[PDB]
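run21.pdb follows; it contains PDB, C-alpha atoms (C1' of nucleotides).
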```
ATOM      1  CA  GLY I  41     -16.233  16.174 -36.276  1.00  0.00           C
ATOM      2  CA  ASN I  42     -13.968  19.059 -37.338  1.00  0.00           C
ATOM      3  CA  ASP I  43     -11.108  17.219 -35.579  1.00  0.00           C
ATOM      4  CA  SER I  44      -8.343  15.285 -37.374  1.00  0.00           C
ATOM      5  CA  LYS I  45      -4.900  13.667 -36.923  1.00  0.00           C
ATOM      6  CA  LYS I  46      -3.146  17.051 -36.457  1.00  0.00           C
ATOM      7  CA  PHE I  47      -0.496  15.232 -34.359  1.00  0.00           C
ATOM      8  CA  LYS I  48       1.998  15.400 -37.267  1.00  0.00           C
ATOM      9  CA  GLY I  49       2.748  17.380 -40.443  1.00  0.00           C
ATOM     10  CA  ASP I  50       5.412  18.998 -42.656  1.00  0.00           C
ATOM     11  CA  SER I  51       6.320  22.059 -44.719  1.00  0.00           C
ATOM     12  CA  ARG I  52       4.557  20.532 -47.770  1.00  0.00           C
ATOM     13  CA  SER I  53       1.295  20.036 -45.822  1.00  0.00           C
ATOM     14  CA  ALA I  54      -1.060  21.796 -43.367  1.00  0.00           C
ATOM     15  CA  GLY I  55      -2.547  21.291 -39.884  1.00  0.00           C
ATOM     16  CA  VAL I  56       0.998  20.895 -38.488  1.00  0.00           C
ATOM     17  CA  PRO I  57       1.359  20.808 -34.665  1.00  0.00           C
ATOM     18  CA  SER I  58       4.463  23.023 -35.054  1.00  0.00           C
ATOM     19  CA  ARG I  59       4.251  26.783 -34.437  1.00  0.00           C
ATOM     20  CA  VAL I  60       6.643  27.747 -37.242  1.00  0.00           C
ATOM     21  CA  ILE I  61       6.063  29.449 -40.604  1.00  0.00           C
ATOM     22  CA  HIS I  62       8.363  29.608 -43.628  1.00  0.00           C
ATOM     23  CA  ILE I  63       8.490  32.155 -46.466  1.00  0.00           C
ATOM     24  CA  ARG I  64       9.941  31.453 -49.926  1.00  0.00           C
ATOM     25  CA  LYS I  65      11.240  33.751 -52.687  1.00  0.00           C
ATOM     26  CA  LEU I  66      11.587  36.406 -49.945  1.00  0.00           C
ATOM     27  CA  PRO I  67      12.446  39.893 -51.322  1.00  0.00           C
ATOM     28  CA  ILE I  68      15.938  41.368 -50.889  1.00  0.00           C
ATOM     29  CA  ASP I  69      15.138  44.962 -49.969  1.00  0.00           C
ATOM     30  CA  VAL I  70      12.730  43.728 -47.287  1.00  0.00           C
ATOM     31  CA  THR I  71      13.628  43.762 -43.561  1.00  0.00           C
ATOM     32  CA  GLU I  72      12.990  41.983 -40.269  1.00  0.00           C
ATOM     33  CA  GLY I  73       9.997  44.213 -39.459  1.00  0.00           C
ATOM     34  CA  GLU I  74       8.200  43.167 -42.664  1.00  0.00           C
ATOM     35  CA  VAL I  75       8.443  39.412 -41.942  1.00  0.00           C
ATOM     36  CA  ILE I  76       6.916  40.221 -38.540  1.00  0.00           C
ATOM     37  CA  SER I  77       4.284  42.610 -39.963  1.00  0.00           C
ATOM     38  CA  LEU I  78       2.685  39.939 -42.188  1.00  0.00           C
ATOM     39  CA  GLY I  79       2.374  37.528 -39.221  1.00  0.00           C
ATOM     40  CA  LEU I  80       1.162  40.105 -36.671  1.00  0.00           C
ATOM     41  CA  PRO I  81      -2.480  40.429 -37.836  1.00  0.00           C
ATOM     42  CA  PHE I  82      -2.520  36.608 -37.492  1.00  0.00           C
ATOM     43  CA  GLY I  83      -1.487  36.383 -33.823  1.00  0.00           C
ATOM     44  CA  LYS I  84       1.477  36.890 -31.481  1.00  0.00           C
ATOM     45  CA  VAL I  85       4.907  36.316 -33.083  1.00  0.00           C
ATOM     46  CA  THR I  86       7.660  35.323 -30.638  1.00  0.00           C
ATOM     47  CA  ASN I  87      10.636  34.365 -32.847  1.00  0.00           C
ATOM     48  CA  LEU I  88      12.148  35.319 -36.197  1.00  0.00           C
ATOM     49  CA  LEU I  89      15.022  34.354 -38.487  1.00  0.00           C
ATOM     50  CA  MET I  90      16.002  36.354 -41.574  1.00  0.00           C
ATOM     51  CA  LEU I  91      17.675  33.967 -44.022  1.00  0.00           C
ATOM     52  CA  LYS I  92      19.542  36.694 -45.945  1.00  0.00           C
ATOM     53  CA  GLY I  93      21.990  35.358 -48.510  1.00  0.00           C
ATOM     54  CA  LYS I  94      18.964  33.241 -49.529  1.00  0.00           C
ATOM     55  CA  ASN I  95      15.442  34.291 -50.595  1.00  0.00           C
ATOM     56  CA  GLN I  96      13.846  32.673 -47.529  1.00  0.00           C
ATOM     57  CA  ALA I  97      12.627  33.485 -43.995  1.00  0.00           C
ATOM     58  CA  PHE I  98      11.309  31.814 -40.833  1.00  0.00           C
ATOM     59  CA  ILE I  99       9.122  32.957 -37.913  1.00  0.00           C
ATOM     60  CA  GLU I 100       7.526  31.410 -34.822  1.00  0.00           C
ATOM     61  CA  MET I 101       4.042  32.068 -33.511  1.00  0.00           C
ATOM     62  CA  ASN I 102       3.406  31.990 -29.763  1.00  0.00           C
ATOM     63  CA  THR I 103       0.275  29.895 -30.397  1.00  0.00           C
ATOM     64  CA  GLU I 104      -0.527  26.939 -32.664  1.00  0.00           C
ATOM     65  CA  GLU I 105      -3.851  28.642 -33.486  1.00  0.00           C
ATOM     66  CA  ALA I 106      -1.948  31.743 -34.653  1.00  0.00           C
ATOM     67  CA  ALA I 107       0.192  29.577 -36.945  1.00  0.00           C
ATOM     68  CA  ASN I 108      -2.832  27.534 -38.035  1.00  0.00           C
ATOM     69  CA  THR I 109      -4.874  30.625 -38.992  1.00  0.00           C
ATOM     70  CA  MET I 110      -1.925  32.380 -40.637  1.00  0.00           C
ATOM     71  CA  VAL I 111      -1.240  29.688 -43.252  1.00  0.00           C
ATOM     72  CA  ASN I 112      -4.978  28.878 -43.510  1.00  0.00           C
ATOM     73  CA  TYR I 113      -5.425  32.404 -44.928  1.00  0.00           C
ATOM     74  CA  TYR I 114      -2.048  32.348 -46.756  1.00  0.00           C
ATOM     75  CA  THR I 115      -2.950  28.978 -48.325  1.00  0.00           C
ATOM     76  CA  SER I 116      -5.360  30.867 -50.615  1.00  0.00           C
ATOM     77  CA  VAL I 117      -3.541  34.229 -50.711  1.00  0.00           C
ATOM     78  CA  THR I 118       0.058  35.380 -51.222  1.00  0.00           C
ATOM     79  CA  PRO I 119       1.598  37.974 -48.868  1.00  0.00           C
ATOM     80  CA  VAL I 120       3.467  40.968 -50.221  1.00  0.00           C
ATOM     81  CA  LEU I 121       6.227  43.043 -48.663  1.00  0.00           C
ATOM     82  CA  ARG I 122       7.230  46.498 -49.947  1.00  0.00           C
ATOM     83  CA  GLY I 123       4.713  45.742 -52.720  1.00  0.00           C
ATOM     84  CA  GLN I 124       6.370  42.436 -53.745  1.00  0.00           C
ATOM     85  CA  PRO I 125       4.396  39.179 -53.352  1.00  0.00           C
ATOM     86  CA  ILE I 126       6.176  36.012 -52.206  1.00  0.00           C
ATOM     87  CA  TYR I 127       5.138  32.460 -51.293  1.00  0.00           C
ATOM     88  CA  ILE I 128       4.523  31.086 -47.778  1.00  0.00           C
ATOM     89  CA  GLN I 129       3.959  27.681 -46.139  1.00  0.00           C
ATOM     90  CA  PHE I 130       4.617  25.845 -42.850  1.00  0.00           C
ATOM     91  CA  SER I 131       8.229  25.299 -41.726  1.00  0.00           C
ATOM     92  CA  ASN I 132       9.713  21.797 -41.463  1.00  0.00           C
ATOM     93  CA  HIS I 133      11.595  23.003 -38.358  1.00  0.00           C
ATOM     94  CA  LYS I 134      10.315  23.138 -34.770  1.00  0.00           C
ATOM     95  CA  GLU I 135      11.063  26.254 -32.698  1.00  0.00           C
ATOM     96  CA  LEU I 136      13.291  29.037 -34.019  1.00  0.00           C
ATOM     97  CA  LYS I 137      17.092  28.762 -33.704  1.00  0.00           C
ATOM     98  CA  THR I 138      20.196  30.072 -35.517  1.00  0.00           C
ATOM     99  CA  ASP I 139      23.437  28.166 -36.227  1.00  0.00           C
ATOM    100  CA  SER I 140      25.008  29.091 -39.601  1.00  0.00           C
ATOM    101  CA  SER I 141      25.204  32.893 -40.102  1.00  0.00           C
ATOM    102  CA  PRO I 142      25.881  36.198 -38.250  1.00  0.00           C
ATOM    103  CA  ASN I 143      22.526  37.376 -39.690  1.00  0.00           C
ATOM    104  CA  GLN I 144      21.052  36.006 -36.437  1.00  0.00           C
ATOM    105  CA  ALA I 145      22.166  39.225 -34.690  1.00  0.00           C
ATOM    106  CA  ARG I 146      19.715  41.437 -36.635  1.00  0.00           C
ATOM    107  CA  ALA I 147      16.747  39.044 -36.365  1.00  0.00           C
ATOM    108  CA  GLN I 148      17.112  38.697 -32.573  1.00  0.00           C
ATOM    109  CA  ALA I 149      17.315  42.507 -32.249  1.00  0.00           C
ATOM    110  CA  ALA I 150      14.315  43.419 -34.445  1.00  0.00           C
ATOM    111  CA  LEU I 151      12.028  41.282 -32.246  1.00  0.00           C
ATOM    112  CA  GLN I 152      12.846  43.592 -29.321  1.00  0.00           C
ATOM    113  CA  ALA I 153      11.274  46.569 -31.120  1.00  0.00           C
ATOM    114  CA  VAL I 154       8.044  44.544 -31.479  1.00  0.00           C
ATOM    115  CA  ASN I 155       7.943  43.199 -27.892  1.00  0.00           C
ATOM    116  CA  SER I 156       9.348  45.965 -25.649  1.00  0.00           C
ATOM    117  CA  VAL I 157       6.942  47.929 -23.424  1.00  0.00           C
ATOM    118  CA  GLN I 158       8.418  51.348 -24.366  1.00  0.00           C
ATOM    119  CA  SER I 159       6.598  52.884 -21.353  1.00  0.00           C
ATOM    120  CA  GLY I 160       7.677  56.279 -19.965  1.00  0.00           C
ATOM    121  CA  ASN I 161       8.712  54.821 -16.574  1.00  0.00           C
ATOM    122  CA  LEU I 162      11.874  53.368 -18.187  1.00  0.00           C
ATOM    123  CA  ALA I 163      15.325  54.899 -17.578  1.00  0.00           C
TER
ATOM    124  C1'   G U   1      36.770  22.461 -69.077  1.00  0.00           C
ATOM    125  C1'   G U   2      36.018  27.797 -67.393  1.00  0.00           C
ATOM    126  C1'   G U   3      33.345  32.619 -67.117  1.00  0.00           C
ATOM    127  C1'   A U   4      28.926  35.819 -67.676  1.00  0.00           C
ATOM    128  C1'   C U   5      23.467  36.414 -68.083  1.00  0.00           C
ATOM    129  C1'   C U   6      18.009  34.832 -67.266  1.00  0.00           C
ATOM    130  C1'   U U   7      14.109  31.766 -65.045  1.00  0.00           C
ATOM    131  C1'   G U   8      12.274  27.861 -61.693  1.00  0.00           C
ATOM    132  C1'   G U   9      12.722  24.530 -57.533  1.00  0.00           C
ATOM    133  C1'   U U  10      14.092  25.260 -52.214  1.00  0.00           C
ATOM    134  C1'   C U  11      13.454  24.419 -45.103  1.00  0.00           C
ATOM    135  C1'   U U  12      18.535  27.862 -41.245  1.00  0.00           C
ATOM    136  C1'   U U  13      21.707  31.814 -44.681  1.00  0.00           C
ATOM    137  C1'   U U  14      22.228  27.733 -49.552  1.00  0.00           C
ATOM    138  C1'   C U  15      22.060  23.979 -52.765  1.00  0.00           C
ATOM    139  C1'   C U  16      20.004  22.082 -57.069  1.00  0.00           C
ATOM    140  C1'   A U  17      17.569  21.997 -62.343  1.00  0.00           C
ATOM    141  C1'   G U  18      16.709  24.213 -67.217  1.00  0.00           C
ATOM    142  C1'   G U  19      17.680  27.974 -71.096  1.00  0.00           C
ATOM    143  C1'   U U  20      20.961  31.796 -73.587  1.00  0.00           C
ATOM    144  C1'   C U  21      26.018  34.009 -74.767  1.00  0.00           C
ATOM    145  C1'   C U  22      31.591  33.967 -74.962  1.00  0.00           C
ATOM    146  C1'   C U  23      36.514  31.534 -74.682  1.00  0.00           C
TER
END
```

Could I get this file's structure written as structure tokens?
Amino acid sequence: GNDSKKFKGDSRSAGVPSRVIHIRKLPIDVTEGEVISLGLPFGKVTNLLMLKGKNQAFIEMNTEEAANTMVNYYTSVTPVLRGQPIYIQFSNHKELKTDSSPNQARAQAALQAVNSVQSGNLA
RNA sequence: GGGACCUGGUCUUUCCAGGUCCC
């Protein structure tokens, strides 16, 4: 039926079992909240890496259906941040990590603004 | 051989390819 061999895939293909998205030609003046904001209307986002020093970015969806729908819309449209359109496709990686730049400190902090409860009972 | 400038590719922060200018 509508089913297929979705058990494998890569960044140059679609239907990947991985929950990771990649963005190319990423703008410079753009921030961690923008890379999250383009993936939010597509489902829950639970990880993020800003690849500053390069025009690239990475994010992780909490669900495979959120990642599947995101690129399935972005496979026919190009997202834009601060008014600047840039390319997107699946990531070749699996689960978000950071191992090569201090820029990991800003990406792991921006996710807290998009996931905290911010309720008035806090102190 | 070196430097500067522009565009494209890109899979973890870069790297790579092409064009232009100067020594």

Please report as a Markdown table every residue of chain U lying within 12 Å of chain I, along with the nearest atom pair and their distance in Å (one decimal), using all atoms listed in the file.
```
| residue | atom | partner | partner_atom | distance |
| --- | --- | --- | --- | --- |
| U:8 | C1' | I:65 | CA | 10.8 |
| U:9 | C1' | I:65 | CA | 10.5 |
| U:10 | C1' | I:64 | CA | 7.8 |
| U:11 | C1' | I:132 | CA | 5.8 |
| U:12 | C1' | I:138 | CA | 6.4 |
| U:13 | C1' | I:91 | CA | 4.6 |
| U:14 | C1' | I:94 | CA | 6.4 |
| U:15 | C1' | I:94 | CA | 10.3 |
```

Check: Exactly which residues make up the result of the PyMOL selection byres ((chain U and resi 5) around 12) on this file, given as a ChimeraX atom specification?
Finding: /U:3-4,6-7,19-22

Checklist line | Matched chain/residue IDs from the PyMOL selection byres ((chain I and resi 72-79) around 7), as a list in words | finding: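 Output of the PyMOL selection byres ((chain I and resi 72-79) around 7): residues 70, 71, 80, 81, 82, 83, 85, 90, 110, 121, 147 and 150 of chain I.
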
Note to self: Could you list, as a list in words, every residue within 9 Å of residue 119 in chain I, counting all atoms listed in the file and ignoring same-chain residues fewer than 6 positions away?
What the structure shows: residues 78, 125, 126, 127 and 128 of chain I

Next item on the list: Take CA of residue 52 in chain I and CA of residue 115 in chain I and report the distance between them in Å, one decimal.
Entry: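 Separation between CA of residue 52 in chain I and CA of residue 115 in chain I: 11.3 Å.
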